[PDB]
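Take a look at this one chain, the form deposited in one PDB entry, written out in structure tokens.
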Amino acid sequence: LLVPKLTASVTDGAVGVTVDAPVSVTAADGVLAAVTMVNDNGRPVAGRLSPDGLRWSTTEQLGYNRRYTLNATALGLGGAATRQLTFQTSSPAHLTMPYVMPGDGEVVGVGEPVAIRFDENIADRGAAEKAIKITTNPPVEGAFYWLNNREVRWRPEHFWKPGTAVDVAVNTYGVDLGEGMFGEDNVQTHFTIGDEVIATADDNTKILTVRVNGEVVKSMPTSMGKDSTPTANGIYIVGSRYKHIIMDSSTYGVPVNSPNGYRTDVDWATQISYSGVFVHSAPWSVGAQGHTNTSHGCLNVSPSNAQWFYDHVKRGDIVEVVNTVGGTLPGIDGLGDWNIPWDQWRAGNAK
């Protein structure tokens, strides 16, 4: 006749216990007759015992900077055993909150990366990547790449296949993200890839051609950046859209009062770079559209075409610019992810 045995997921006297997982107690050669866990203030922690009496677990989120006391008794035909354990959880120096894009339940285009933006610099990028679980259906290979010290992106080698489900579980609560900075909470999002929409602006023709699943559906005369402030070549991801917006160059590093500065209220504006490129309505340049470049970088189109673009293009669709006198959009722009070669993206930069 064996005495029951108790196995807890913490050890008496432990410090730095992480709260990324529940606390449990298991009985062998007996069943759990009593399990309680209280915090430093005497408040009971919610838990649940399995129907067979063998395993108890906490059922609510456990706190940072706690001292918990666990009491457990097991009974079997061979006798009884009781244990009391006290332990302390992680004490962060700092917290950081993740923000995930795109939005939960959204339908997005074939260029949309998964984005996890933290509100603090992440000292241990590898710990953050490890805590982020990305599910794809149909499953496709992808990889993480950091655009800056706070935001990481995940995407496949090529544009997504329409109809792919994407799930993002950012399981950062209880995780040490370096230098004592712990996740403030978990976050989650799920999204789906819709139709393939790729618009190409060719400086040789000054036409912006929109293709939906490979077919031309719209051909828009455009006026892009003038030679002294050109539109960069490259692949741009569609971001947010606005019925109207005041474009303020100081938002993009350029003082309004300086030679290339501007502040302009425009209609039907679709953002395609963090550096401030938009497709938008430009009634003042309709004469130049299809003929000469006049802007500070934006793709000027007619009011009707800008509204069409707003109505028919969605976040994650693609604009490709070719044959301008500019350089190439930086891969770390914020919407320039696809300009980074796959071998470099795949290798990452977690360090």
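Throughout, we count residues from 1 along the sequence that is shown. Heads up, when I say rigid core I mean the largest set of C-alphas that superpose within 1.5 Å between the two forms.
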Worksheet entry | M181 dropped in a third or more of the other entries | no
Item to complete: Decide, for the other PDB entries of this protein that were compared, whether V266 is missing from at least a third of their models.
Response: no
Worksheet item: Hey, which bit's got the bigger mean C-alpha B factor in the entry, 317 to 325 or 283 to 291?
Response: 283 to 291
Worksheet item: Once you work out the mean C-alpha B-factor for both 340 to 348 and 3 to 11 from the entry, which is higher?
Response: 3 to 11
Worksheet item: Of the choices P156, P139, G76, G111, which one's C-alpha carries the largest B-factor in the record?
Response: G76
Fill in: Of the residues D167, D203, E129, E151, the one carrying the largest Cα B-factor as recorded
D203
Item to complete: Classify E196 as lowest, middle or highest third according to the C-alpha B-factor given in the PDB entry, relative to its own chain.
Response: lowest
Worksheet entry | B-factor third for the C-alpha atom of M37 within its chain | middle
Worksheet item: Taking the C-alpha B-factors as the PDB entry records them, is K226 in the lowest, middle or highest third of its chain?
Response: highest
Fill in: Chain-relative CA temperature factor third for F118
lowest
Fill in: Third of the chain's Cα B-factor distribution that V175 belongs to, per the entry
lowest
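Missing here is the form deposited in another entry; even so, the following discussion is about that form.
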Discussion item. Given a cut-off of 2 Å on Cα movement between the shown form and the other one, rigid core as reference, pick the single residue from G163, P259, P139, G214 that exceeds or meets it.
Written reply: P259
